[PDB]
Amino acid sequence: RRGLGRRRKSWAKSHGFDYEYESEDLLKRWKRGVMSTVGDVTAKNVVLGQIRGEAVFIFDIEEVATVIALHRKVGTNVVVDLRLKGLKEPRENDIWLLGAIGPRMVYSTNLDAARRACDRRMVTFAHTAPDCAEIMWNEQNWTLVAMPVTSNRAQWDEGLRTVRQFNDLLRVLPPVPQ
């Protein structure tokens, strides 16, 4: 809430990441998760960095969410969306409920592929990931986590760990066909 910009700039500096107050085109690259229920907004308090060689972007969508987007090494056409049970189902018409895990529900565009990704490590993760990681999902070349904008620097650090763990679990999603 208060001092959000100063605190986000300090956290960017700790991580060796760049900070920008706003980026006018950033949001256009993602279409699902929290991006489908918003429009005519720009990314604010933007942090641009890398995790072990892969781009990571952290930004606020005013009064909606703080998002962390991590670049995937290999693309996929499957979407998995793991979100807290009390939230609305994804509104898109190509994605369906696979099942509940603990505090969360899993939705996917390919139920068979998502079943393969939902092994013991996924079950443990859905129970252990913090409740602040409200919606986690992937798109073709990115894995993302959305949390409340009131999250703090400890929650931003836990979000980096959460998006990395979720991305690792989705490495099994099939490659884009040639």
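Just count from 1 along the sequence shown to find any residue number.
Relative to one another, 121-129 and 147-155 have unequal mean CA B-factors, and 147-155 is the one with the higher figure. Comparing the deposited coordinates for 103-111 and 90-98, the stretch with the larger average C-alpha B-factor is 90-98. Taking the PDB entry at face value, the top CA B factor among 35, 135, 46, 70 belongs to 35. Compared with the other modelled residues of the chain, the Cα B-factor recorded for residue 20 ranks in the lowest third. Among the modelled residues of the chain, residue 84 sits in the lowest third by CA temperature factor in this PDB entry.
Among the modelled residues of the chain, residue 61 sits in the middle third by CA temperature factor in this PDB entry.
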